[PDB]
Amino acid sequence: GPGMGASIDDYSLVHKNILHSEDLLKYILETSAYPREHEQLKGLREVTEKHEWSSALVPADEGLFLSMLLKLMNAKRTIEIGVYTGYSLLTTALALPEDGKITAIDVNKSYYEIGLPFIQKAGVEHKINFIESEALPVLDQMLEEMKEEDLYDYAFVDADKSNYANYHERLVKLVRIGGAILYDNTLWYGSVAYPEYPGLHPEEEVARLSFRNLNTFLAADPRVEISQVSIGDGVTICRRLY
């Protein structure tokens, strides 16, 4: 993946999409997304489209959905897990109020520094505390240190696609009651629809199985209410109940 492991040329799902045609997706982006996309988000996206791992980028229509959720729930304190070049991070920082705060975690800060000039020109870098690390030790460290009024309103999870289940067990204690946890890519290009699926590289197949297990688990998890949304590559919204 982009963080470590296999090359991009080993991946086989990246050109698929969950909608029934590219024309419909293109219509959504040109009609409803790009006209509402901040100038620095446009610039960050255009640089990233030339990067080796452009396939991992959160798309522009999903970005506006993330922004809308953040504003409707009046989020102020958030955590971003899996930053890459920072498109979803810049989306979050633009949506939060002036005093919003973001904990952003990624194993590769060189990716983040690609998007940083656009984040700085947007004027919202002051909201971001970037941590270069594997996410799990940071999350475990945070659980030891966090007080009850330090809880997060919102978490966006978009990092190692086979470790979401481990992330979940921490985040249901790091996000406030009534707060939101969002898992990206829970439809995995449609490949979760079958128990067996042909021809995937091991990293892609392991992620596919991980999402099938996670999707079943989240639907049975009494600690949250859920909604799996067929936007982007599938986004599952979790709201903490207790």
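Residue positions are given as counts along the sequence shown, with the first one as 1.
Across the two stretches, 88 to 96 and 145 to 153, the PDB entry reports the greater mean Cα temperature factor for 145 to 153. 180 to 188 and 35 to 43 differ in mean CA B-factor, and the higher of the two is recorded for 35 to 43. Residue-level inspection of the entry shows that, of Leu72, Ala165, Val83, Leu139, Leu139 has the top Cα B-factor. In this structure the maximum Cα B-factor among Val172, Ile131, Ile102, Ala159 is found at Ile131. For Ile18, the recorded CA B-factor ranks within the middle third of the chain. Only modelled residues enter the ranking.
Ranked within its chain, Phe211 lands in the lowest third, by CA B factor from the PDB record. Sorting the modelled residues of the chain by their CA temperature factor places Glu203 in the middle third. Sort the chain's modelled residues by C-alpha temperature factor and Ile237 lands in the lowest third, per the entry. Placement of the Cα temperature factor of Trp53 within the chain: highest third of the modelled residues, per the deposited record.
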